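[1] Fold the following for me, if possible:
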Amino acid sequence: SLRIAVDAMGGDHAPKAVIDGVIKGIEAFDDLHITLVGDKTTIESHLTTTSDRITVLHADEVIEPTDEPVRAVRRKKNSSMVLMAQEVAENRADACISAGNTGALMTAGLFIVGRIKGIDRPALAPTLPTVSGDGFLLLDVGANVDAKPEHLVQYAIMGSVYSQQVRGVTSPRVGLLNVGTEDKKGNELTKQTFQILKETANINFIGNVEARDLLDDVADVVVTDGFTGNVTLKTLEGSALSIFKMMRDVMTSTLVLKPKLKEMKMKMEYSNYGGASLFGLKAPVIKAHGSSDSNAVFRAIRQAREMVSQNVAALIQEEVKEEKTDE
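    Numbering: from 1, shown residues only. Sharing the structure here:
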């Protein structure tokens, strides 16, 4: 069987959006059981059809989207975020999902759930879209900001694993986000990573990758440090919004179907890939987009489900061993 603890209190639109997505996953997946974590009264007022596959856990408090992560997770020991993480930690759930404070989520993920044996630090990993449509992974966009070469190499392995297990990519192309293609380009961190990735028997290292080609399918996995990762992600996103608003005001003055344009607009929509996972933890912890609708939560439930069944954490535990990266 399978079981996922979900945060209902987090996200712009819940508990409704969260509870509607949960209901869409119990109808599509017969082996799925879910633990709704939130305010018992509030949660009940949104789900009619009582099922034995939906359980509820009462969460007295919330980690607002403004609280300090570390403090919140340490102080609000009865919040939805914290309670959800302990369900996973105490063997009462295999995966967990939240739309709540991303920082609180990673702190809860890191100190409650724990890390896979052999992983120094985890990485926030969302799958972004491409002009074609295949998509790509951007490893580390928030989890940790002053990384070391060692960590980045771990990121390429865990990304490759997820890419070839869950996304079905044959031999995921790993690229290093850099400022030039030559071997010596980048900051000191990047230069050092490049040398090591050249020696990692475990993955298909295509080399450095310029950021102007991210949306143009240059690689299946792009690796970076959280700081540059997070800046790159918000740059892509803002760039899209800004350009869309320009184009869309341009139609409102005097007048490319509404549905035709809608197609591409949806292919860019970041929430069309399921949410960013925290690669490296003992069990899948997914940061569902805060602006998540009913379907987006469903797509995140689907993602946690694939990750467990694909034995992604056990495979990450083997591919990180030096016997597989050296020879």
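[2] now the end-to-end length of stretch 172-188.
    One end of stretch 172-188 sits 26 Å from the other (Cα to Cα, to the nearest Å).
[3] cool, and stretch 3-20?
    Termini of stretch 3-20 sit 17 Å apart (Cα to Cα).
[4] So which bits of it are buried?
    Burial within stretch 3-20, assessed by neighbour count using 16 or more other Cβ atoms under 10 Å, is assigned to 3-11, 13-20. Placement of C-beta: from N, CA and C, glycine included.
[5] what's the spatially closest residue to residue 110 that is not a sequence neighbour in contact with, if anything?
    Of all residues not flanking residue 110 in the chain, residue 122 sits nearest, at 6.7 Å (Cβ to Cβ, 6 or more residues apart in numbering). Contact analysis of residue 122 by Cβ atoms under 8 Å, 6 or more residues apart in numbering lists 106, 109-110, 115, 143-144, 278-281.
[6] repeat for residue 119
    154, 158, 280, 316, 320.
[7] pretty sure the fourth one is in contact with residue 280, am I right?
    Yes. Taking contacts as Cβ atoms under 8 Å, residue 316 lies within contact range of residue 280: 7.2 Å.
[8] shared neighbours of these two, which are they?
    Counting by Cβ under 8 Å, 6+ apart, the shared contacts of residue 316 and residue 280 are 116, 119, 158.
[9] so what's the first one up against?
    To tie it back to what came earlier, the one meant is residue 116. Neighbours of residue 116 in contact, by Cβ under 8 Å, 6+ apart: 280-282, 313, 316-317, 320.
[10] In space, what's closest to the residue nearest the centre of the chain - neighbours in sequence excluded?
    The centre of the chain sits closest to residue 276, judged by Cα atoms, centre = their mean, with a distance of 1.0 Å. Nearest residue to residue 276, sequence neighbours excluded (Cβ to Cβ, 6+ apart): residue 126, at 3.4 Å.
[11] So residue 39 sits against residue 57, correct?
    No. The criterion here is Cβ under 8 Å, and residue 39 misses it with residue 57 at 10.5 Å.
[12] can you map out the helices along the protein?
    For the chain, helices defined by DSSP state H occupy the ranges 16-28, 40-44, 69-75, 80-89, 102-108, 149-165, 188-198, 226-249, 258-268, 294-309, 312-319, 322-325.
[13] Quick one, which of those gets closest to residue 136.
    Residue 136 lies closest, by Cβ to Cβ, to one member of the helices of the chain: helix 149-165, at 8.7 Å.
[14] Show me what that closest one is packed against.
    With contacts taken as 3 or more Cβ pairs under 8 Å, 6 or more residues apart in numbering; DSSP states H and E, helix 149-165 sits against strand 123-125, strand 136-139, strand 173-178, helix 188-198, strand 221-223, strand 276-279, helix 312-319.
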